[PDB]
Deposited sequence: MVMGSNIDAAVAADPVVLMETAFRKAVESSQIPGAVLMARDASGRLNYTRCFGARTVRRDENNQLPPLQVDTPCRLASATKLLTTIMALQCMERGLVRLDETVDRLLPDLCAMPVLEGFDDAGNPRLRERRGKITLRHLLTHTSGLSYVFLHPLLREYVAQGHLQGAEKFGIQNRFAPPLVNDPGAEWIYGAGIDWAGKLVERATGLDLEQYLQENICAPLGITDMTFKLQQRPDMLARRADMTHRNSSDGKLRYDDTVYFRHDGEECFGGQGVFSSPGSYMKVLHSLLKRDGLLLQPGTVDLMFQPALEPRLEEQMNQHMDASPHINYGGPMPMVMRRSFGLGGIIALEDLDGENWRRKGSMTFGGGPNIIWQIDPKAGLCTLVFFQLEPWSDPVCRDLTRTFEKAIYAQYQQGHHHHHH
């Protein structure tokens, strides 16, 4: 009954040309629950035979911000192998990040005001967004810094634009969604002497038996020919449109199923990717009370951003290594529980791991912009329907 009505919903969301397609996956520890449903086409662009290729479980998707879980997993594997201490200064491996000044602001003459950072950066600061780094667009000062063209000097030191911006605050001063994970990816490459693509294969893909996961998609024509195209929703008519647009924070292309294999491993506590104890640490609310409050105050005040997605707009959350932790049950028993870690991806990608309930789910969409009402409501419905079936069943 709940699941059927939930599938009824998707079938009619694709029928109505509201969503290009969606991949719904749900797995539990025990093996009882293995839900996998494939709706619609992968692209809104009609093919050469005037058909619409379906969105299948084997379909390579642009993960975007969903890649940060995979990088976190890589960074923790290095830590697990004694290549890094979680609360050790990045100084040795990331001397570049450690050289970085902090943007105070600008003077009357428009010139930037910089300062030496106070306090050290650890992989934890990085993994928990407390590093002091932002994303250029997310920060007012950084946005101002970028338009007045201050990253013009980068060229002469070979500094990569991605890692060229300064710090906005001191480490552990506040929760800022930033380039912390892309920098952690750098550390992994620098600790192992392996590029993220090679490392991801060896350490993430190979142990779970994964093919449909890569950073360098172009080098896999096998996977390229089978990939989903990005769909955008007209801010104007709400119609769908075709859109043709080695960093740890975003670069990954993965099929829905291949991503699930990762999560399932994490849920099961199989020890395949990370030591179960190391996984338990990921789900720990990493934030200091001051920062736990600051984060929620900002998140409640930022519905335009909405880091939660399907999640209630106003709620008690903290952050751990790899995602946002529910510090309260979302709808008591009926849905997601306390200690549920989750994160998203730009094209309406949303994953979660509910250890308390013993469930993990993913909704794969290849549809921009983020937090799309249709997608959000559909996701809310899928999880809720699943939790309903699992509980009575």
| item | value |
| --- | --- |
| Missing stretches, numbered from 1 on the deposited chain sequence and kept in order | 1 to 13, 259 to 267, 416 to 421 |
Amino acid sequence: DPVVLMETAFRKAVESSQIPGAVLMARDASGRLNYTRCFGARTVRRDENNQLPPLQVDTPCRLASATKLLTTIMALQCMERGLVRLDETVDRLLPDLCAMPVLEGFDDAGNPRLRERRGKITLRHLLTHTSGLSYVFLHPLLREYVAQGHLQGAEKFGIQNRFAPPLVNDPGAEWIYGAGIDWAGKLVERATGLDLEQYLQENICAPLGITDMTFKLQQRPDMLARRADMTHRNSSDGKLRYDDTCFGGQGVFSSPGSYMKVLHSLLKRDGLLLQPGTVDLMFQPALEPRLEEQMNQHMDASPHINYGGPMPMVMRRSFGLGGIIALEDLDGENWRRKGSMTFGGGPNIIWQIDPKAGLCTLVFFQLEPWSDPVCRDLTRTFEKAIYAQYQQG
From here on, numbers count along this sequence of modelled residues.
| query | finding |
| --- | --- |
| Average Cα temperature factor in the PDB entry - higher stretch of 172 to 180, 102 to 110 | 102 to 110 |
| Stretch with the higher entry mean CA B-factor, where the candidates are 87 to 95 and 268 to 276 | 87 to 95 |
| Selection from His129, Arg227, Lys156, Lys186 [criterion: highest C-alpha temperature factor in the record] | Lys156 |
| Residue with maximal Cα B-factor (values as given in the PDB entry) among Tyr199, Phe247, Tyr307, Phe319 | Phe247 |
| Lowest, middle or highest third - CA B-factor, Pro312 | highest |
| Position of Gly149 among the chain's modelled residues by C-alpha B-factor, lowest, middle or highest third | highest |
| Record-listed C-alpha B factor of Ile204: chain third | lowest |
| Where the record places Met74 (Cα B-factor, split into thirds across the chain) | lowest |
| CA B-factor ranking of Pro347, expressed as a third of its chain | lowest |
